[PDB]
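Now for the letters of each chain:
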Amino acid sequence: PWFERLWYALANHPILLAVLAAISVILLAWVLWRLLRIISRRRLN
Amino acid sequence: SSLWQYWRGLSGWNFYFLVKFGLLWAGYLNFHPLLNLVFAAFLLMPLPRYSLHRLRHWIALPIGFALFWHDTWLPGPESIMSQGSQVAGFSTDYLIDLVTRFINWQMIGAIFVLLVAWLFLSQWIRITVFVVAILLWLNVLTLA
Amino acid sequence: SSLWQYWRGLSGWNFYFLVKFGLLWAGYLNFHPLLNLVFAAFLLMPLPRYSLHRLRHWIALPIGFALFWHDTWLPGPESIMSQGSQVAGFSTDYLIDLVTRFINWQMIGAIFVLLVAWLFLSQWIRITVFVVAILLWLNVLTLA
Amino acid sequence: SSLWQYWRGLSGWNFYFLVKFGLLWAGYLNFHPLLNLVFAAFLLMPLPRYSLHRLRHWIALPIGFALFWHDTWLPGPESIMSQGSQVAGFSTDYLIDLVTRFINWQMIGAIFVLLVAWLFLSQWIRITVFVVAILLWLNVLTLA
Amino acid sequence: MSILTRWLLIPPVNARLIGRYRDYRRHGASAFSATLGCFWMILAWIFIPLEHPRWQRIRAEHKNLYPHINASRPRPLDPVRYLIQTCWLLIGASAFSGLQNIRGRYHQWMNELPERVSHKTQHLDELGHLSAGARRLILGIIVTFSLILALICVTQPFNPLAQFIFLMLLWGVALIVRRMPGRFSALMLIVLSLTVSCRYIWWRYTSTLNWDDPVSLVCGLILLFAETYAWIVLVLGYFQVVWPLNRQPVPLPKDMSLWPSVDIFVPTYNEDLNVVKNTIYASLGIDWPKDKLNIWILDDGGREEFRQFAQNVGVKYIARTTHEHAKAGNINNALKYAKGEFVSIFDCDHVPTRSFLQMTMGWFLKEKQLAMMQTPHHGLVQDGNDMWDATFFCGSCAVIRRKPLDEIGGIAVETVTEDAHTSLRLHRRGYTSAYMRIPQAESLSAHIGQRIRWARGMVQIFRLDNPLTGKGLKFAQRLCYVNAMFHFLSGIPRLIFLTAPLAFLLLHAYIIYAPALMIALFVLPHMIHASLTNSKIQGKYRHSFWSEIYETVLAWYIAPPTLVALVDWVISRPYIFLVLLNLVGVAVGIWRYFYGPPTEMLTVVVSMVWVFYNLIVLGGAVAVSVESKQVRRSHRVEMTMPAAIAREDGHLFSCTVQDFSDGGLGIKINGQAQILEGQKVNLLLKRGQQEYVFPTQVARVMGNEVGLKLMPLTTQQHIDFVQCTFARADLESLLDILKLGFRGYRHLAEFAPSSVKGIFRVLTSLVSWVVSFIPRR
């Protein structure tokens, strides 16, 4: 069970999943913020 | 003139009556409904004069003492009057011993407690109504 | 009249009686309910003058101490007068060891906690009413 | 004043007792309910002057620390300076390894959660009453 | 009887008891209530030491400490209220400078954190410094890593404790992130909300539908489809306002000879000349070359007063022979005569500011394809739309380039919302629209009407000029228009939300097949994070699920105008029918709570709350229905501005204008001024560094509040007055919503049909009785 393996591995660690989710949020926010700044420059000028 | 204005209740006598009730409930006294109710009515009679009021108190205090003595089982006043010479001639120590034996200190403690209770309840509920009600109920029970 | 102004209650003596209740539940006390009711009645009786009230309390402090002595199983004073020769012959360290064996610190802590609880609860609950109610109930049980 | 607003509450010490309650649920405490109640009474004692209040709290801090020492299963002083020589003889790395093994960081996280909850509740709800009630509950359970 | 107490009790205590009884009786208490009150009071005196100074201090502020208990008026079960309130006082809570300063400095440091971070990233200005292939590869691995981590946190099964820990941690992270300002914080909160919502939807689709009982299966499918639609609408709304453009004005060339020609339009049908006078005066006061601006009044009534006013002041006036297509037709008819390169359109009530066209038209002279520019009527949706080139016309305070406007054959007349359709047509030809959130400047009945017409106009815009199947639109604009149409359709999901708890409580189905606590541990995170992120995006001072309840109840009210497009209903049968079902659901739920199995008991409780929510929302819809037609006040804006007053004696009184109108002004004068009515005075008004003196006559004096009226002014005086006055450079909410729902139910009991009037009256009576025991601070 490849996908039940990770669920079993991280089942007892909500702290680790919270940290990983925060990292993913910040990272995806950075890429989206870069893209939106690019589009904002393309539209303002 | 006006009569009903003088019904102030038994006042101090109320305590005395309740004292008798205690000795009646403790079984150490032989209650006489007739003389006790007569004494209550005699003290409760509305007398317009203050001088008559004080004179009635002065007359009743020794009469009340004699009534209390008669209600006990001690020898009658005539017998003690005849034997007073010997009683005074008897030894002081044995007289004190007899007095101490006669005096049950539990009764004195209960009487002090009832004195305080009467003084406290003489500010909220008129004790006269309840005392007269208990007297009348005792008379009714004795009749039946 | 305003006789309630002279019914000041037990005040600090409440703690006194409360202490006894604990020692009653703890079995350390030989209770005499009638003497307790007598003491409560005497400390509750209304004295018109403030100075008279203070003098009554000053007189009652030795009487309360004697009554508390009588309520416990400790040896009588005459025994101490008789055995003072033996008591003085023991060394100071021996007396210290004996008293430290006697001092039950749990009861001292309970006394402290009860004192704090009484000082906090005198605001919200009439302690004198409850103390007198408990004394009356104990006397009722020890009689009937 | 005369109405004794000097019942200022436990304040920060609240959290203190809360921690012990949690540690009573975790089973790491050799709890002494009587000493905890005495300590709560000592901290809750109404003192009018603020200087004496601060002095009382400042002396209570080491007393509270010693009480926490006593209520835990961590060893008494004699063992502490008996093993202090071995600890000094051990390397610093061994001490660091023992430290890392000793802490259960899960209970540290739970304690921090309790700290945040206590701050929020003290913002919203007086917890001193609940703490005192739980202390009497423990004492009542131990007594009966 | 007085005889019984007289015989039983000593005269002093008897007199005190009789006095207390009579005092209770005079204040409207019945004899039984009075006797019970004396009994409880004597019990309180015998048990509680009410003579202690602590209790004296409790008694003296009885009203504040016991607000809902009337001391002078006893009522049965008052001791219950006393006990409840005393328990609340026992439970409730009753070096400050250093702690407060440290805390405030901590928020202020956290608030300035974005500026410091921006400066530090500025000195390392810098993806962007790598080659195109390297940028693509690095961004691809970055995005794939982030998305796989997010998917793992989305699809992770937990026990109650681990789940609760995860929710607490994410809620705390959102709370910290919300405090810090900036667009990066908004994006981070949006990503968090998306992750939590995806987790909730994954759990609902994978663990909650019941496949054993077909009725519960169907109910769960309908409810889950409604939840999916709501989540889609939320995500679309997040995308629409993800990144507001925050456009700034590009300044016009310093050479004024290079500036264009503008035609201002004021279309009016029934507005009084008082309303249009201010607009025309302020339009004349706009800073612009005189030969490069022409003002037009388009009056559909042909009022002669408007003609005389326009001729006296000089503005152009044109009337129509025929009046087809209402305002759009009026503007189209007027457009045959205007010759300027730009057309500005103003509503009658909207006052144009002097700095309007100078701030607006720089973008027109800068960007060629910009055919539209819009200024705020009074939001954040338009700023987000401008990012995607989807800002739509609102009918006023906008400038349109003349050539593109004439290209599409004038303002669209095939929809009620001519403005949005004109914006659509401009966009479909490849032209751009703009929006500047710079100030350039009622009754909720008009608000509901305008929402109705907006919904109907979007319906017809989809019907005739379908954005999905139409040509010439970029994807983002299609998403914006589709999001507007979807948001105007949210009635069926709300009906499903109202009906589902009854689908459990009545039919004993299991529409959502999961333990109740599990339900709370996947749903409450969703609404909490959605509310927090929406609050950050809008930035409103007041922000909560309560505020959200407010728009849900003002959006359930227009459910049937929008549905018909494809005041009257809130009292009609099909509505009180639903309310009565929600009501019998509560009684049936109490039955299940007591007489049903305990294993399901908590579930019932959950439905209770849900039904309670429904009971509020429905109660909201009726309430507004009666408060819409109750507003009576008119235009009254109270703003502070230092004016001056000189008597006939010349004593200069600097004053503050409290209120103003064309009829006159009411001002507040600092100090004691013996101003007499009828005295010719000079009012000095401040316009920037200039001071203008208007002679007035005092008509009313309320102490320091002085009312002044204007003598017949002149054209220049009128323009100056309008420029100086109007053309300026300018847990609790849960309780409020509870009161709103209660007042809605009370009005429903007042106005419903009798057969349900009685039931609603009874319900309101017991609701008030139950609330009567609630503890209060």
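Residues numbered from 1 in each chain as written, not as in the entry; some residues may be left out. Chains lettered and ligands numbered in written order. Heavy atoms only, no water.

Method of determination, as annotated in the archive: cryo-EM, at 3.43 Å resolution.

The name given to chain B in the PDB entry is Cellulose biosynthesis protein BcsG, with the source organism recorded as Escherichia coli.

Under the annotation held in the PDB entry, chain A carries the name Cyclic di-GMP-binding protein and is attributed to Escherichia coli.

1. Some remarks on the overall build of chain B
Assigned secondary structure in chain B consists of 7 helices and 0 strands. Order of helices (α) and strands (β) in chain B, N terminus to C terminus: α-α-α-α-α-α-α. By principal-axis analysis of the C-alpha atoms, chain B measures approximately 55 × 35 × 30 Å. Taken over 144 residues, chain B has a buried fraction of 23%. In chain B, once contacts between residues fewer than 6 apart in sequence are set aside, the share between residues at least 24 apart is 73%. Chain B carries 7 positive and 4 negative side-chain charges, and their two centres are separated by 25 Å. (Helix = DSSP H or I, 4+ residues; strand = E, 2+ residues; numbered from the N terminus. Buried < 20%, exposed > 50% of the residue type's maximum accessible area, 1.4 Å probe, protein only. Contact = heavy atoms within 4.5 Å. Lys, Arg positive; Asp, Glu negative; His and termini not counted. Charge placed at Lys NZ, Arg CZ, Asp CG, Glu CD.)

2. Observations concerning the interface of chain A and chain E
If you look at the interface, chain A gives 28 residues, while chain E gives 37 residues. Our count for the contact surface shared by chain A and chain E stands at 2 salt bridges. Residues A:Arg43 and E:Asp389 are paired through a salt bridge, measuring 2.5 Å at the closest nitrogen-oxygen approach. Between chain A and chain E we count 5 residue pairs in polar contact in total. Elements with a contribution of two residues or more to the side of chain A that touches chain E: α1 (2-10) and α2 (14-44) of chain A. (Salt bridge = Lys/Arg side-chain N within 4 Å of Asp/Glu carboxyl O. Polar contact = N/O pair within 3.5 Å; in protein donor to acceptor, adjacent residues only side chain to side chain.)

3. Observations regarding the sheet that holds strand β10 (residues 664-669) of chain E
Spatial strand order, β8-β9-β10-β13-β12-β11 (chain E): 6 strands in a closed barrel with antiparallel pairing. Going across the sheet, the axis of each strand differs from the next one's by a mean of 45°, ignoring polarity. (Pairing = 2+ DSSP bridges. Axes fitted to C-alpha atoms, helices over the stretch in contact; angles between N-to-C directions.)

4. Considerations on the interface of chain C and chain D
Opposite the 8 residues of chain C that make contact, chain D presents 9 residues. Regarding the contact of chain C and chain D, the summed buried area is about 730 Å², with carbon and sulfur atoms giving 87% of it. The largest contributions to the chain C side of the interface with chain D come from C:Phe112, C:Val113 and C:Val116, which together make up 56% of the buried area. If you look at where chain C meets chain D, you find 0 salt bridges. Between the two partners, chain C and chain D, sit 0 residue pairs in polar contact. (Buried area = accessible area lost by both parts, 1.4 Å probe.)

5. A short note on the arrangement of the chains
The chain pair with the greatest number of contacts, out of 6 pairs of chains in contact, is formed by chains A and E. Chain A makes no contact with chain B; the smallest distance between any of their C-alpha atoms is 70 Å.

6. Comments concerning the side chain of E:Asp419
All names here are of chain E. Of note, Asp419 is situated in helix α19 (residues 418-428). There is a polar contact of 3.3 Å between the side chain of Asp419 and the backbone nitrogen of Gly395. Setting aside residues no more than four positions away along its own chain, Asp419 makes contact with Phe393, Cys394, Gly395, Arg453 and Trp454.

7. Quick word on a nonpolar patch on the surface
Residue and element names in this part refer to chain C. Taken together, the side chains of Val87, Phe90, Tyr94, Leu95, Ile96, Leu98, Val99, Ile103, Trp105, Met107, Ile108 and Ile111 present a nonpolar region at the surface, about 1,000 Å² in accessible area. Residue assignment for the nonpolar patch shows that the elements contributing at least two residues are α5 (92-102) and α6 (105-121). Looking at the nonpolar patch element by element, the count peaks at 5 residues for α5. Relative to the helices and strands, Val99 is located in helix α5. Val99 gets classed as partly exposed once you look at its relative accessible area, which sits at 38%. (Patch = residues over 30% accessible without salt bridge, like charges linked within 9 Å, V, L, I, M, F, W, Y side chains within 5 Å. Areas by Shrake-Rupley, 256 points an atom, 1.4 Å probe, with all protein chains shown as cover.)

8. Thoughts on the UniProt feature "transmembrane region" (unreviewed entry) in chain A
Per the UniProt annotation, the sites labelled "transmembrane region" (unreviewed entry) are residues 15-36 of chain A. End-to-end, the C-alpha atoms of residues 15-36 of chain A are 31 Å apart, and along that stretch the chain is 100% helix and 0% strand. (UniProt positions renumbered as here; feature names shortened; annotations may be inferred.)

9. Topic: the sheet that holds strand β2 (residues 293-299) of chain E
Sheet strands associate in pairs through backbone hydrogen bonding, adopting either a parallel or an antiparallel arrangement. All names here are of chain E. Taken in spatial order, the 7 strands make up an open sheet running β3-β2-β1-β4-β6-β5-β7, and their pairing is mixed. With one partner strand each, in any of the chains shown, β3 (316-318) and β7 (432-435) form the two edges of the open sheet. The sheet shows a mean angle of 20° between the axes of neighbouring strands, taken without regard to direction. In this structure, strand β1 (residues 262-268) lies alongside β2, joined through 7 bridges in parallel fashion. Across the sheet, residue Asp263 finds its bridge partner in β2, namely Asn294.

10. Details of the packing of aromatic side chains
Where two aromatic rings form a pair, the distance of their centres and the angle of their planes describe that pair. Residue and element names in this part refer to chain E. Scanning the model with the defined rule gives 57 aromatic pairs over all chains in all. When the ring of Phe239 is compared with that of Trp388, the centres are 5.0 Å apart and the planes differ by 20°; the resulting orientation is stacked. For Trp388, a relative accessible area of 12% corresponds to the buried category. Ring plane angle 85° and centroid distance 6.1 Å describe the contact between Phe265 and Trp296, whose orientation is recorded as edge-to-face. Of this pair, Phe265 sits in strand β1 while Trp296 sits in strand β2; the two residues are 31 residues apart in sequence, bridging distant segments of the chain. Sitting over the face of the ring of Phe158, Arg199 holds its NZ or CZ atom 5.4 Å from the ring centroid. (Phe/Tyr/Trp six-rings, centres within 6.5 Å; stacked < 30°, edge-to-face > 60°. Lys NZ or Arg CZ within 6 Å of the ring centre and 35° of its normal.)

11. Section: the environment of E:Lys366
Topologically, E:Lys366 is positioned in helix α16 (residues 362-366). Considered as a pair, E:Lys366 and E:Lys327 are 39 residues apart in the sequence and their alpha carbons are 30 Å apart. Once residues lying within four places of it in the same chain are set aside, the contact partners of E:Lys366 are A:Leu44 and E:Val250.

12. Section: the packing of helix α2 (residues 11-26) of chain E against helix α3 (residues 31-47) of chain E
When two helices pack together, their arrangement is given by the angle between the helix axes and the distance between those axes. All names here are of chain E. Interaxial distance between α2 and α3 falls to 9 Å at its minimum, and their mutual angle equals 135°. The angle between α2 and α3 falls in the class oblique. Seen from above, α2 lies across α3 with right-handed handedness. Between α2 and α3, the residues in contact are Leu17, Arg20, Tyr21, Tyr24 and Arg25 and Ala31, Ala34, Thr35, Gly37, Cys38, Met41 and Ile42, respectively. Its residues placed into classes, the contact of α2 with α3 shows 8 nonpolar, 2 polar and 2 charged. (Parallel < 35°, antiparallel > 145°, perpendicular 65-115°, else oblique. Left-handed = near helix turned anticlockwise from the far one by under 90°. Nonpolar A, V, L, I, M, F, W, Y, C, P; charged D, E, K, R; others polar.)

13. Notes on the nonpolar core
E:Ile280, E:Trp288, E:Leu357, E:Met361, E:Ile645 and E:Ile667 are the most contacted members of the largest nonpolar core, which has 61 residues in total. Among the elements that take part in this core, helix α12 (residues 273-284) of chain E stands out by supplying 5 residues, more than any other. Looking at which domains feed residues into this core, each of domain 2 (260-475) and domain 4 (642-725) of chain E supplies at least three. Apart from residues no more than four positions distant in its own chain, E:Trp288 is found in contact with E:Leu252, E:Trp259, E:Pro260, E:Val262, E:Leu293, E:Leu357, E:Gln358 and E:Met361. Counting 39 residues, the second largest nonpolar core, distinct from the first, contains A:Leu36, E:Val177, E:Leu234 and E:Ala530. (Core = buried A, V, L, I, M, F, W, Y, C linked by side-chain atoms within 4.5 Å. Domains from an automatic or database assignment.)

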